[PDB]
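Undergrad: Supplied in structure tokens, the structure appears directly below.
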Amino acid sequence: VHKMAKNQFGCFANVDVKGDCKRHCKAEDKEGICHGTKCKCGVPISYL
């Protein structure tokens, strides 16, 4: 599957969109950030 809305959890323009980058990072117990047309993790969900 192509690296345009099928690999970045459909996220773009730094927005949490369609596939929600949040969820793929929640598997890792992390926040998910859209960094352009790209999805990475932010920080641990352990906010304390």
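Going by the structure tokens order, chains are called A, B, ..., each with residues numbered from 1, while ligands are numbered from 1 in the order shown.
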Extract, using only C-alpha atoms, all DNA, RNA and protein residues at most 7 Å from residue 33 in chain A, discarding same-chain residues fewer than 6 positions from it, and format them as a ChimeraX atom specification.
TA: /A:21-22,39-42
Undergrad: Please provide as a PyMOL selection string all residues within 10 Å of residue 38 in chain A, with the sequence filter that same-chain residues fewer than 3 positions apart are discarded (counting only C-alpha atoms).
TA: chain A and resi 3-5+7-14+21+33-35
Undergrad: For the residues in the current selection, export N, CA and C atoms as a PDB file, in the first residue's frame.
TA:
ATOM      1  N   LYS A   3       2.517   5.182   0.224  1.00  0.00           N
ATOM      2  CA  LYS A   3       2.819   6.081   1.356  1.00  0.00           C
ATOM      3  C   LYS A   3       2.141   7.456   1.216  1.00  0.00           C
ATOM      4  N   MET A   4       0.861   7.430   0.839  1.00  0.00           N
ATOM      5  CA  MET A   4      -0.038   8.583   0.753  1.00  0.00           C
ATOM      6  C   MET A   4      -1.411   8.153   1.274  1.00  0.00           C
ATOM      7  N   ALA A   5      -1.776   8.661   2.445  1.00  0.00           N
ATOM      8  CA  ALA A   5      -2.921   8.262   3.264  1.00  0.00           C
ATOM      9  C   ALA A   5      -3.165   6.755   3.531  1.00  0.00           C
ATOM     10  N   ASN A   7      -0.226   4.857   4.859  1.00  0.00           N
ATOM     11  CA  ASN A   7       0.886   4.523   5.780  1.00  0.00           C
ATOM     12  C   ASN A   7       1.039   5.466   6.986  1.00  0.00           C
ATOM     13  N   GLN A   8       0.456   6.657   6.888  1.00  0.00           N
ATOM     14  CA  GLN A   8       0.492   7.744   7.870  1.00  0.00           C
ATOM     15  C   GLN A   8      -0.832   7.868   8.634  1.00  0.00           C
ATOM     16  N   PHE A   9      -1.604   6.782   8.680  1.00  0.00           N
ATOM     17  CA  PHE A   9      -2.897   6.698   9.367  1.00  0.00           C
ATOM     18  C   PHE A   9      -3.879   7.749   8.840  1.00  0.00           C
ATOM     19  N   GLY A  10      -3.799   8.023   7.532  1.00  0.00           N
ATOM     20  CA  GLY A  10      -4.600   9.044   6.851  1.00  0.00           C
ATOM     21  C   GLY A  10      -4.449  10.474   7.394  1.00  0.00           C
ATOM     22  N   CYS A  11      -3.423  10.761   8.205  1.00  0.00           N
ATOM     23  CA  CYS A  11      -3.208  12.039   8.845  1.00  0.00           C
ATOM     24  C   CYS A  11      -2.450  12.942   7.873  1.00  0.00           C
ATOM     25  N   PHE A  12      -2.821  14.218   7.833  1.00  0.00           N
ATOM     26  CA  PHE A  12      -2.043  15.210   7.089  1.00  0.00           C
ATOM     27  C   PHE A  12      -2.196  16.628   7.659  1.00  0.00           C
ATOM     28  N   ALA A  13      -1.470  17.616   7.115  1.00  0.00           N
ATOM     29  CA  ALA A  13      -1.521  19.034   7.511  1.00  0.00           C
ATOM     30  C   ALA A  13      -1.343  19.295   9.026  1.00  0.00           C
ATOM     31  N   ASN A  14      -0.617  18.401   9.703  1.00  0.00           N
ATOM     32  CA  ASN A  14      -0.458  18.341  11.159  1.00  0.00           C
ATOM     33  C   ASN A  14      -1.786  18.177  11.946  1.00  0.00           C
ATOM     34  N   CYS A  21      -3.724   9.247  14.197  1.00  0.00           N
ATOM     35  CA  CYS A  21      -2.356   8.907  14.596  1.00  0.00           C
ATOM     36  C   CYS A  21      -2.267   8.592  16.102  1.00  0.00           C
ATOM     37  N   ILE A  33       1.362  12.134  16.978  1.00  0.00           N
ATOM     38  CA  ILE A  33       1.459  13.428  16.305  1.00  0.00           C
ATOM     39  C   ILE A  33       1.588  13.267  14.793  1.00  0.00           C
ATOM     40  N   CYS A  34       0.765  14.013  14.066  1.00  0.00           N
ATOM     41  CA  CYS A  34       0.942  14.159  12.634  1.00  0.00           C
ATOM     42  C   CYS A  34       1.979  15.271  12.377  1.00  0.00           C
ATOM     43  N   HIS A  35       3.167  14.905  11.898  1.00  0.00           N
ATOM     44  CA  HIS A  35       4.254  15.834  11.513  1.00  0.00           C
ATOM     45  C   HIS A  35       4.332  16.051   9.982  1.00  0.00           C
TER      46      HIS A  35
END
Undergrad: Could you pull the residues within 9 Å of residue 26 in chain A, counting only C-alpha atoms, minus those fewer than 6 positions along the same chain, as a list in words?
TA: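 Residues near the query, excluding close chain neighbours: residues 32, 41, 44 and 45 of chain A.
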Undergrad: Taking the backbone alone, and naming residues the way the document does, which bits of chain A are strand (DSSP E or B) by DSSP, as a ChimeraX atom specification?
TA: /A:30-34,39-44
Undergrad: Quick one: pick out all alpha helix (DSSP H) residues within chain A from a backbone DSSP run and write them as number ranges by chain.
TA: A: 21-26
Undergrad: Take CA of residue 31 in chain A and CA of residue 43 in chain A and report the distance between them in Å, one decimal.
TA: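 Separation between CA of residue 31 in chain A and CA of residue 43 in chain A: 5.5 Å.
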